[PDB]
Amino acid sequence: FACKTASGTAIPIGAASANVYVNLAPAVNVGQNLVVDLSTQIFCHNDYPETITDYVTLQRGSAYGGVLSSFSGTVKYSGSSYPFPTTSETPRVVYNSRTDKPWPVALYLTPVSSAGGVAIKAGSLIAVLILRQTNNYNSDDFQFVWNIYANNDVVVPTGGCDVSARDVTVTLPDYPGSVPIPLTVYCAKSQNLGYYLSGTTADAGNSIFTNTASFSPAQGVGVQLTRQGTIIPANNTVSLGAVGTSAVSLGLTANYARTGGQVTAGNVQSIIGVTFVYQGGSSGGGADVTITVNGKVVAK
C-alpha cells in the first residue's frame, strides 16, 4: 500500500504517523456540506500484487482536527456514508494492482447555521484519520494515522447557503453620495432566507452606523444602508424571498446620513455585519459577512 498526494508528494509507507498536505474546495450541498474530497488528493497502489493483496479500512475515532473539531458530519468511504467522527468500522478498500487508484474518501459537515462559515488557514490541521492495513495471507495488521493539513486558505460553509464574499469593502463618492454593495447569496436547495445588519449605530432610529474612522474623521455623519431607497435599520430581518441555487443579490447600497449638527470635513468609516437567518429561525452565531464602508467629507 503506497500512496502519494495530487502534488506528487509521497506519503511515508509503513510510518505510524504522517502529515498529509492537501487542497480543499468546500461547498454547500443538499443536506450536508463538503469539507474536502480526498479522492482528488490522495492516490494509492499495491507495489507487489502477485505476492500480497492489501486491505485498508478507516477506523473508529477518525475525526476533524483544530477549528473543525466541534462539528459533526459524515465521511463517504468507498461509496458508503458513515457518521464522522467515526463510531463504526468501514469496509475494506482492496489494493490488488500497481495502477494508482484514488483513496475513495470525502469528509462532510452537518449544516447547523443558515450561511455561516469557518475560516481554515493554510497549514492548519483539518482531520486526524486512523487507518488499519491487513492482507490476504496472514493475520499481520498495522494501525496508523494520517493527519490531514490544509494546503490553502479556505472558508468551510456551516449552513445551507453560501455568499459571494465574506468581506466586502466599498468606497462611497465624496459626501453626499451612494455606492452599490456587491453581495449575493445562494442556497443548495430553495430556502426562505432573510438577513439582518449589525454594528454600532448613532441615531435613535438605529439605522445610521457610527463613523469609527480613527484618523482625521468627519463629524456629524454616519453610514446608512438602503435597498432601492428603502432604509435598512440594524437588527431587523429583511426577507429575500425564496433563495435557491441561482445567486440572489441582497440589493444593498451604502450612503452617508446625518447624525446631528454640521457635517464637517474628514474620513468616514463604518464596519457593518450581515447575518443570514431562515424564516422563523434563530439569530445564532456572529456575522456571516463584514462590509467596510469608506467615505470622505471634503471641505469646500
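The numbering used is simple: start at 1 and walk along the sequence shown.
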Taking the recorded C-alpha temperature factors, which stretch has the higher mean, 11 to 19 or 277 to 285? 277 to 285
May I ask you to compare 44 to 52 and 227 to 235 by their mean CA B factor in the entry and name the higher one? 44 to 52
Please work out which residue in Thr158, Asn138, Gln219, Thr86 has the highest C-alpha B-factor recorded for this crystal structure. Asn138
Chain thirds of CA B-factor: placement of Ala254: lowest
What third of the chain, by the recorded C-alpha B-factor, contains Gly31? middle
Ranking the modelled residues of this chain by C-alpha B-factor as given in the entry, is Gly73 in the lowest, middle or highest third? lowest
Could you tell me which third, lowest, middle or highest, the C-alpha B-factor of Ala265 occupies within its chain? middle
Quick tally, chain-level thirds of C-alpha B-factors: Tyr149 sits in the lowest
